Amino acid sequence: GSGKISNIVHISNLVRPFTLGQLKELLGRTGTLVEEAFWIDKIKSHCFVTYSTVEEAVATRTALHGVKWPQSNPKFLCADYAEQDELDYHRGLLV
């Protein structure tokens, strides 16, 4: 299970309910988020989390892939690395 390493972690299988503050608290345990790059979809099913270093992104992917969050989520999270092109497609910056 090896996506190309980068400073962006793509987390899937998120299920409501949860607040953005709760998600951001989980994410900050393993590094420092770049707030200005952060992205989540309207329905809170997946997000792209840019970290201050690549090493923080690797710590976070490692910690979060295959965990259950929130506690009552029926799914386990899928966490992998993402390229800027993928993030920017979702931000509406690239076709």
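One-based numbering along the sequence shown.
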Going by the mean C-alpha B-factor recorded in the entry, which is higher: 8 to 16 or 71 to 79? 71 to 79
Residue 59 CA temperature factor, ranked by third within the chain: lowest
Lowest, middle or highest third: which one holds residue 47 when the chain's residues are ordered by CA B-factor from the entry? lowest
Sorting the chain's CA B-factors, does residue 37 end up in the lowest, middle or highest third? middle
